[PDB]
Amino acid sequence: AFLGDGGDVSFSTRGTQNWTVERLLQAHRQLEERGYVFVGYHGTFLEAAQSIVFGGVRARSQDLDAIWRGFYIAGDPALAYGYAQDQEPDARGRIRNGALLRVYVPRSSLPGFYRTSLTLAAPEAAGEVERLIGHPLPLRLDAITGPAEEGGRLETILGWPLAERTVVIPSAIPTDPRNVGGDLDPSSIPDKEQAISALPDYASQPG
């Protein structure tokens, strides 16, 4: 268990249940104490958050080229925030707010983390990424961080094998049930969560 102490944690439109900032601080510390490190945020819908936090991150089919498949996260919570919502309306057209998740990896996986200035998920970057990770795509026990688009913010792609070794816990940053589609307001980010959200330094050169 990596969720710390307290009641049963669940995800709701009203916010993550039994998940205070203080509990997060405890869970985070205990994670590092066991050799884990924070690598970014993942925004998604409620049921997905339930699956990821309690069943673990598991590989699945996604709509892109096979060579870029993996678990997508972002160091900047504001980016991941845009995905923290229903992607499809229910029968009546309801679109619920989702939840922000914090993604941790074993520190032993850090030698596999690389960065690039190129724009990811594009054929003009595949060659350079395959150079950094020392093998042809897709990513496996390695990760790549770079601009999600030209001039855009950074995203991190965890190879599926690496993603399944993550530990994911809820963020203390809430989504807004009354502003689904709105952007994350930095002032709604708990100062104490910001203090534990530094990212590791990724390698710019292959091993």
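Position 1 is the first residue in the sequence shown; the rest follow in order.
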property	result
Residue stretch of maximal mean CA temperature factor, 153 to 161 vs 55 to 63	55 to 63
Residue stretch of maximal mean CA temperature factor, 81 to 89 vs 116 to 124	116 to 124
Of the residues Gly75, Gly98, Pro136, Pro111, the one carrying the largest Cα B-factor as recorded	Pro136
Selection by C-alpha B-factor (highest) of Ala198, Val21, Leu184, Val9	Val9
Assigned third (lowest, middle, highest) for the C-alpha B factor of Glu33	lowest
CA B-factor ranking of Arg131, expressed as a third of its chain	middle
Assigned third (lowest, middle, highest) for the C-alpha B factor of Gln17	lowest
Position of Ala203 among the chain's modelled residues by C-alpha B-factor, lowest, middle or highest third	middle
Ranked against its chain, the third holding the CA B-factor of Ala49	middle
